[PDB]
Amino acid sequence: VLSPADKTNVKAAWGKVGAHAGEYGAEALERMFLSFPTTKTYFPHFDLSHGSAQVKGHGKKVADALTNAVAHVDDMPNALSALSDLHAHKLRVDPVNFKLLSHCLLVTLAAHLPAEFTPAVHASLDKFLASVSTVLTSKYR
Amino acid sequence: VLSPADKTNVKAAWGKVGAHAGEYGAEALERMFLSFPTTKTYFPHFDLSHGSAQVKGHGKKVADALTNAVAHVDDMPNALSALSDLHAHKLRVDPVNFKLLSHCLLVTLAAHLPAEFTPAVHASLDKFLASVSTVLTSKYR
Amino acid sequence: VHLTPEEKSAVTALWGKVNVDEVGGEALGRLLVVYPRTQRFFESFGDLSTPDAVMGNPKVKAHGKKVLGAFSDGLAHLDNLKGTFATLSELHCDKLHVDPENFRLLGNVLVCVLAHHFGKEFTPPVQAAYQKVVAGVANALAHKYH
Amino acid sequence: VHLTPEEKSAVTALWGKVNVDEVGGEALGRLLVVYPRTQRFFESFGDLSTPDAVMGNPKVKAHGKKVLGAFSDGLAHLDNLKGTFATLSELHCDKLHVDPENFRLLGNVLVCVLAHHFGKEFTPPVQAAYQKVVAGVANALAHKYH
Ligand code: HEM
Ligand code: HEM
Ligand code: HEM
Ligand code: HEM
Ligand SMILES: [Cl-]
Ligand SMILES: [Cl-]
């Protein structure tokens, strides 16, 4: 349950990401593939080399969904319904991978938004990524 | 969420446990202590010996709470609120441990209800245990 | 796998009683039913729409038997699971693209299947030895992922 | 752990630039803030009622420096974390009753603190090597649990 402070915190941090969201999207993916190589099993059709346009484009996609989710922080289940569908009925990614992407996203933000990545903001972003993961995996069975 | 079918399956399987609930709760705890020894860190004050009275006593308590979530299968979050407060504020049990107990509880039921432990019932009981675990860990942060 | 001799005796004893064909089909079917997400790897298997469609699917049964067959061999080389499963590990990663978390799900399902089958004979301590074996096997199968 | 020479050198050279004092206090503090449940072991530290209260608490600050110290020392025995942490593993189990899962939480908090601090320098491949170490340290600390 995102508290009002968390929602504020998230909106701020994400605010600063701005035009770089797609790049942070792509960088998080790249750190995920390297740190947690089992995650590559879901992208056998992608070129996972450094700076692939597949990874780049995929980063954008992801980053965009996060924006939409921040934008509708109060209505995630609803703002992300089509995405929960896709993940639950087509993709069927194992839930543990959501924690690995979430972590690589925190790491990316930390490295790029040093002044905004305070302990309380870190706390909020984590709770937020968790909430997003819950929603995306809520219609699995 | 739990579908009408899941609810029927759970009431039916739990219906059969009946008066054995307490004993099965104790057995689930013992199985957990033996197979996942790290769960022991939460009971430093317990006599974890085979036939411990504390374990017997604790098994009953866990069993009574599951029996209560079954009785209020349409209002679990409210039926278990108190237990959810305790776990969040005092016990502060790491979320992964809920999955270890759930698992040992399915092993116990399987070992005792061969006829009711059908694939369909198994699936329903798993979704149910997962839902209870989710409620109990809902007020953590 | 760190199994005390008496743990290894207990694992072996019970495994003597298992019908690998039977258990293999039950374990794989239950996986597909309890964690439908796992069905992503079997769309060529046909109808997996209901518990009955899964459990009685001749393709699921044949596969389950294959998987548990490979597993039983693993039980005779508890000493060297990594070597035993190395070509299979490569295949799952490189050809099949199976997330190794799937190996842990099957291990847990299998344990429920042995509890189902042996009832009371599947004691707390017998379960603890099998928990160790199953994790050992899941680990050996993921050792070659890259 | 199963650190490559080039992975070994990356870890080693980044660590050389770390202020254990500051990084230790921050990692431990961030942990109590992000995962409030971990406070169950530091009741005696005082007021942990707020992020500011945690980050400011000197008992927290000093505990973090002690933890990162021991972690630091372990980077010298990267080829035997298990032998380096045996005693500490026994203590955490038998005396402190700390669930090893906490070791993994910390490790990840630590990775975020290092990124925070080093920014640009904490590249995907450097992150990958540290993930290996943190996992390795968590595994070693949990090794003597029974
Ligand atoms: C932070 C949580 C996540 C978000 C917001 C997210 C978002 C998205 C979006 C927006 C798409 C594209 C849908 C389209 O093409 O219209 C997508 C596809 C996909 N996602 Fe998720 N994702 C998340 C987590 C994950 C994880 C953890 C994995 C696996 C490790 C994953 C695997 C995939 C795959 C395999 C695709 C399809 C790739 C393709 O063929 O282009 N996702 N996701
Ligand atoms: C669905 C799962 C669970 C249920 C239904 C459950 C239920 C309960 C109940 C009813 C109590 C007793 C509170 C009272 O005295 O009124 C309790 C206490 C406790 N639980 Fe949970 N619990 C669950 C999971 C866990 C897990 C996984 C752990 C740790 C491995 C855990 C650790 C504890 C501890 C340490 C206590 C206090 C024991 C004592 O001081 O006597 N619980 N739980
Ligand atoms: C005990 C763990 C497992 C063992 C020992 C095992 C063993 C095997 C063996 C011996 C084969 C046939 C190899 C070949 O075609 O050359 C196979 C194939 C396969 N396995 Fe695994 N397996 C295990 C777990 C799993 C799990 C949990 C999944 C997915 C959830 C999986 C997915 C597959 C698939 C998709 C195939 C190919 C089937 C086909 O021919 O279409 N396996 N496995
Ligand atoms: C990176 C992993 C860790 C390392 C290397 C480590 C190391 C240490 C060291 C060197 C001590 C000093 C005590 C002595 O020698 O008597 C200690 C104590 C302690 N540790 Fe750990 N620790 C780690 C993780 C954790 C975590 C994650 C927690 C809980 C969230 C924890 C809880 C404690 C507690 C409660 C004490 C006792 C301090 C006191 O009594 O004031 N440790 N640890
Ligand atoms: Cl599923
Ligand atoms: Cl928490």
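The sequence lines fix the lettering, A, B, ..., with proteins before strands; numbering per chain opens at 1. Quick note: numbers below take in every heavy atom, side chains included, and nothing from hydrogens, waters or symmetry partners.
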Heavy atoms from other residues, nucleotides or ligands near NZ of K82(C) exceed 12 (cutoff 6.0 Å)
no

At their closest point, which heavy atom of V109(C) faces which heavy atom of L31(C), and how far apart are they?
CG1-N, 4.0 Å

Geometric class of the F117(B)/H116(C) ring pair [parallel <30°, tilted 30-60°, perpendicular >60°]
tilted

Closest approach of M76(A) to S131(A) (non-hydrogen atoms, all atoms of both residues):
CE-CB, 3.5 Å

Heavy-atom pair of closest approach, residues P119(B) and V34(C)
O-CG2, 4.3 Å

Looking at side-chain heavy atoms only, is the closest gap between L2(B) and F128(B) below 4.5 Å?
yes

Has the side chain of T12(C) got a donor or acceptor atom that lies under 3.5 Å from a matching backbone atom of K8(C)?
yes

Please check if the side chain of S124(B) supplies one atom and the backbone of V10(B) the other of a donor-acceptor pair under 3.5 Å.
no

Sorted by chain and residue number, the ring pair (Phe, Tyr, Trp, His ring centres under 6.0 Å) partners of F41(C) (sequence neighbours excluded) come out as none

Quick check: does any side chain N or O of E7(D) sit under 3.5 Å from a backbone N or O of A129(D), one acting as donor and the other as acceptor?
no

Evaluate whether atom NZ of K127(B) has more than 12 neighbouring non-hydrogen atoms of other residues, nucleotides or ligands under 6.0 angstrom away.
yes

What I'd like to find out is whether the side chain of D126(B) reaches to under 4.5 Å of the side chain of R141(A), using heavy atoms alone.
yes

One should read off an interatomic distance between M32(A) CE and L48(A) CG, to the nearest 0.5 angstrom, of 9.0 Å

Above 12 or not: heavy atoms from other molecules or residues under 6.0 Å from NE2 of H50(B)?
no

Donor-acceptor contact below 3.5 Å, side chain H92(C) vs main chain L88(C)
yes

Let me see the working for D6(B) and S3(B) under side-chain hydrogen bond (donor to acceptor under 3.5 Å, both in side chains), right down to the final yes or no.
CA-CA 5 Å; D6(B) 289 320; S3(B) 75; 3.1 Å; yes

Looking at every non-hydrogen atom in both residues, tell me the closest pair between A13(B) and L125(B) and how far apart they are.
CB-CD1, 4.3 Å

Restricting to pairs with a member in residues 51-70 of chain C, which pass side-chain hydrogen bond (donor to acceptor under 3.5 Å, both in side chains), not counting sequence neighbours?
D21(C)-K65(C)

Within the side chain of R92(A), is there an N or O that forms a donor-acceptor pair under 3.5 Å with the backbone of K90(A)?
yes

Out of curiosity, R40(C) CZ to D99(C) CG, how far, rounded to the nearest 0.5 Å?
8.0 Å

Between OG of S9(C) and CG of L14(C), what distance do you get to the nearest 0.5 Å?
11.0 Å

Which value, rounded to the nearest 0.5 Å, describes the distance between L105(B) atom CG and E27(B) atom CD?
10.0 Å

Indicate yes or no: at least one non-hydrogen side-chain atom of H87(A) is less than 4.5 angstrom from one of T137(A).
no

For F42(C) and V60(C): C-alpha separation, side-chain torsions, deciding distance, then whether side chain to side chain contact (heavy atoms under 4.5 Å, CB included) applies.
CA-CA 9 Å; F42(C) 311 100; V60(C) 165; over 6 Å; no

State, yes or no, whether a side-chain contact exists between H103(A) and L129(A) at a heavy-atom distance under 4.5 Å.
no

With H117(C), which residues qualify under ring pair (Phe, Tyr, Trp, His ring centres under 6.0 Å), at least two apart?
none

Can you confirm whether more than 12 heavy atoms, excluding those of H77(C), are under 6.0 Å from its NE2 atom?
no

Distance-only, no hydrogens or angles: does the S84(A) side chain make a donor-acceptor pair with backbone N or O of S138(A) under 3.5 Å?
no

Do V111(C) and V107(B) make a side-chain contact, defined as non-hydrogen atoms from C-beta onward lying under 4.5 Å apart?
yes

Atom pairs and distances, side-chain donor-acceptor, residues 68-75 of chain B, under 3.5 Å, sequence neighbours left out:
| unit_1 | atom_1 | unit_2 | atom_2 | d |
| --- | --- | --- | --- | --- |
| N68(B) | ND2 | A79(B) | O | 3.4 |
| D74(B) | OD1 | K7(B) | NZ | 2.6 |
| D75(B) | OD1 | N78(B) | ND2 | 2.6 |

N108(C) to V134(C) - nearest heavy-atom pair and separation:
N-CG1, 4.5 Å

How about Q131(C) and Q127(C): does a side-chain donor come under 3.5 Å of a side-chain acceptor?
yes

Beyond-backbone contact of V1(C) with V137(C), side-chain heavy atoms, under 4.5 angstrom:
no

Straight-line distance of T38(C) OG1 to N102(C) CG, nearest 0.5 Å
6.5 Å

So do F118(C) and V18(C) actually touch side chain to side chain, heavy atoms under 4.5 Å?
yes

Name all pairs fulfilling the ring-ring contact (aromatic ring centres under 6.0 Å, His included) condition that reach into residues 9-28 of chain B, sequence neighbours left out, sorted by first residue then second.
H20(B)-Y24(B), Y24(B)-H112(B)

Taking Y145(C) for its side chain and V98(C) for its backbone only, find out whether a donor-acceptor pair lies under 3.5 Å.
yes

Can you check whether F85(C) reaches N139(C) side chain to side chain, under 4.5 Å on heavy atoms?
no

Which of parallel (below 30°), tilted (30 to 60°) and perpendicular (above 60°) describes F46(A) and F43(A)?
perpendicular

Can you give me every donor-acceptor pair (side chain of residues 119-126 of chain C, partner residue at least two apart or in another chain, under 3.5 Å) with its distance?
| unit_1 | atom_1 | unit_2 | atom_2 | d |
| --- | --- | --- | --- | --- |
| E121(C) | OE2 | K17(C) | NZ | 2.5 |
| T123(C) | OG1 | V126(C) | N | 3.3 |

Quick one: does any side-chain atom of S72(C) pair with a main-chain N or O of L68(C) as donor and acceptor, under 3.5 Å?
yes

Nearest atoms (heavy-atom pairs only) where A138(D) meets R104(D)
CB-CG, 4.0 Å

Intermediate values then yes/no, side chain to side chain contact (heavy atoms under 4.5 Å, CB included), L101(B) and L29(B):
CA-CA 7 Å; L101(B) 181 59; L29(B) 283 177; 4.1 Å; yes

Does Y140(B) reach the main-chain N or O of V93(B) with its side chain, forming a donor-acceptor pair under 3.5 Å?
yes

Any chance you could measure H143(D), atom NE2, to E90(D), atom CD, to the nearest 0.5 Å?
10.0 Å

Go through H58(A) and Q54(A) one step at a time and tell me if the side chain to side chain contact (heavy atoms under 4.5 Å, CB included) criterion holds.
CA-CA 6 Å; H58(A) 189 66; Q54(A) 276 188 294; over 6 Å; no

So, does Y42(A) use its side chain to make a donor-acceptor pair with the main chain of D94(A) at under 3.5 Å?
yes

Just checking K99(A): does its NZ atom have more than 12 heavy atoms from other residues, nucleotides or ligands closer to it than 6.0 angstrom?
no

Start with the C-alpha distance between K144(D) and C93(D), add both sets of side-chain angles, then the distance that settles side chain to side chain contact (heavy atoms under 4.5 Å, CB included), and finish with yes or no.
CA-CA 8 Å; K144(D) 304 291 281 187; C93(D) 181; over 6 Å; no

